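Summary of structural features
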Number of protein chains: 2
Amino acid sequence: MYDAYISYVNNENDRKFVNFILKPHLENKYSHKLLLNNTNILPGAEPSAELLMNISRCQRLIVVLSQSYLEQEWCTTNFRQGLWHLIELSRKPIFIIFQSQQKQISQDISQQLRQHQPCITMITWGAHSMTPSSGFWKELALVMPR
Amino acid sequence: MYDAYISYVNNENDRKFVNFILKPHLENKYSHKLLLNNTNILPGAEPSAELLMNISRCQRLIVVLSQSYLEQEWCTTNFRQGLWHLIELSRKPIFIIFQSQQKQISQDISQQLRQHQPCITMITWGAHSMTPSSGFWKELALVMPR
């Protein structure tokens, strides 16, 4: 049924980005019906129940992979296992990272994300974005359904 | 229409493996209809003609990634780009490698294949295999259609 599933953590910056920037744009021009939650989709580095039951009715998975998101226990203790689970559960999860925060992204996380690069989409957000013609919205459009 | 696409090079070992072991087994119990060619699917490290037109009517891609296969030009000159094209063209290409030949496989290629590990399937062939219940045939069954 749904076009995408949006996994984020509920840090102020992140929730304004999800609810004011991203959710309105994908719901308008691209006509999408979105599912989204700010809980831990990988408790114990194993898929949660809400995610196991909900993802099967979503075509894509967008992770708002911020510094606050990357502080979660699965991110800090077994990012490979969780990334495996994401890739295996949706096929081509999209990961939104932030140019301002890439300072903070630890070595192993950036390497794991580039390593799988054809499989996963890495989208980056800078000052350039928000103009609907943008590297960001171009990329996110090409990886969305139809 | 087709279950799998089998890319091999036509070195003695390879064509006998494709035609006597693999094609008969996958076409029997697993009821598969197989497409296969021994030409270069990545000329100039870009998809060939038959591969682009045929792959759209195939659900899986198996590469018989032997020592002889890896001597081809795209393998030796731009294996990352060709692997990118494969991942982008089929969704989870399967790569059959040989335990006897993993000896000969250079560093960069083995590591590129492990890098993408959730996305691509790596199946390895040893003395154990050919018993239809096999680490090999179990794995190859779990990555095949339905």
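Residues numbered from 1 in each chain as written, not as in the entry; some residues may be left out. Chains lettered and ligands numbered in written order. Heavy atoms only, no water. Residues with missing side-chain atoms left out of burial classes, pairs and counts.

This entry, as listed in the PDB, derives from X-ray crystallography and reports a resolution of 3.0400 Å.

In this structure, strand β1 (residues 4-7) of chain B lies alongside strand β2 (residues 34-37) of chain B, joined through four bridges in parallel fashion. For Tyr5 of chain B, the partnering residue across the bridge sits in β2 of chain B and is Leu35 of chain B. (Pairing = 2+ DSSP bridges. Helix = DSSP H or I, 4+ residues; strand = E, 2+ residues; numbered from the N terminus.)

This part is about the state of the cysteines. Inspection of the entire model under this criterion finds one disulfide over all chains. Here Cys119 of chain A engages in a disulfide with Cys119 of chain B; their sulfurs sit 2.0 Å apart. Negative torsions about the S-S bond denote left-handed disulfides, and the value of about 125 degrees found for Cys119 of chain A with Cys119 of chain B makes this one right-handed. Note that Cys119 of chain A is positioned in the loop between α4 (107-115) and β5 (121-125) and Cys119 of chain B in the loop between α4 (107-115) and β5 (121-125), a pairing that runs across two chains. Assigned by exposure class, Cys119 of chain A and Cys119 of chain B land together as buried. (Disulfide = S-S within 2.5 Å. Buried < 20%, exposed > 50% of the residue type's maximum accessible area, 1.4 Å probe, protein only.)

Residue and element names in this part refer to chain A. If you trace the five strands from one edge of the open sheet to the other, you get β2-β1-β3-β4-β5, paired in parallel fashion. The open sheet has two edge strands with one neighbour each: β2 (34-37) and β5. Direction aside, neighbouring strands of the sheet carry axes that sit 20 degrees apart on average. As paired elements, strand β1 (residues 2-7) and strand β3 (residues 58-64) share five bridges and run parallel to each other. (Axes fitted to C-alpha atoms, helices over the stretch in contact; angles between N-to-C directions.)

Let us look at the interface of chain B and chain A. Tallying the contact residues gives seven residues for chain B and seven residues for chain A. When chain B packs against chain A, close to 740 Å² is buried across both sides, 80% of that on carbon and sulfur atoms. Sorting the residues of chain B by area buried against chain A places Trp84, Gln115 and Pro118 of chain B first, and these three jointly supply 57% of that buried surface. Across the chain B-chain A interface, the total number found is zero salt bridges. (Contact = heavy atoms within 4.5 Å. Buried area = accessible area lost by both parts, 1.4 Å probe. Salt bridge = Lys/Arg side-chain N within 4 Å of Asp/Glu carboxyl O.)

As a further point, take the relation of the copies chain B and chain A. One copy of the chain maps onto the second through a rotation around an axis plus a translation along that axis. Rotating chain B by 180 degrees about the axis while translating it 0.0 Å along that axis superimposes it on chain A, leaving an RMSD of 0.2 Å. Such a combination of turn and shift is consistent with a two-fold rotation axis. The fraction of interface residues of chain B whose copies in chain A are also interface residues reaches 100%, indicating that both copies meet through the same surface. (Least-squares fit on C-alpha atoms.)

Our focus in this paragraph is the side chain of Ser129 of chain B. All names here are of chain B. If you trace the backbone, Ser129 turns up in the loop between β5 and α5 (135-142). Given a relative accessible area of 4%, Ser129 falls into the buried group. Every residue in contact with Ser129, bar those within four places of it in the chain, is listed here: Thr124, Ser134 and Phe136.

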